[PDB]
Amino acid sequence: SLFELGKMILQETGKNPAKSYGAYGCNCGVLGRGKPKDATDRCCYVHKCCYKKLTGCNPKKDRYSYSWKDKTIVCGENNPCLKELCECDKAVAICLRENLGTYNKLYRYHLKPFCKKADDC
């Protein structure tokens, strides 16, 4: 669930999840994928693509268990789907953290029209 995601992002990035990635670029958004505007956006594209390859759980409403160990997001799941799902969020939270350096606030609330149709996952 985006609950975990929100928590992860907040734990990694330390940034307000929605304020910074609730609507960023063409992929860090509620609706759809767009060809990435920058590294931060690519994270969400990858993440959204990560969700796509999922089968067996709802990437939005399926809560999974993970924990903060040695300041590391540790997925506490064996269910292949949740495990992966959790790994999707972790990878995105991390990625997002790793790309704060190039995070551009201009890409916030970036209108979907300025987005090109993203490649296929």
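Heads up, when I say rigid core I mean the largest set of C-alphas that superpose within 1.5 Å between the two forms. Residue indices: 1-based, along the sequence shown.
S.K.: Could you check whether 70-78 or 41-49 drifts more from the shown form in 4 other deposited structures of this protein, using RMS Cα distance once the core is superposed?
M.R.: Higher root mean square deviation of C-alphas in 4 other deposited structures of this protein is shown by 70-78.
S.K.: 28-36 versus 91-99: which one carries the higher mean Cα B factor per the record?
M.R.: Higher mean C-alpha B-factor in the PDB entry: 28-36.
S.K.: Which has higher Cα B-factors on average according to the PDB entry: 82-90 or 49-57?
M.R.: Result: 49-57.
S.K.: Please place residue 112 in the lowest, middle or highest third of its chain according to the CA B-factor in the PDB entry.
M.R.: For residue 112, the deposited C-alpha B-factor lands in the highest third.
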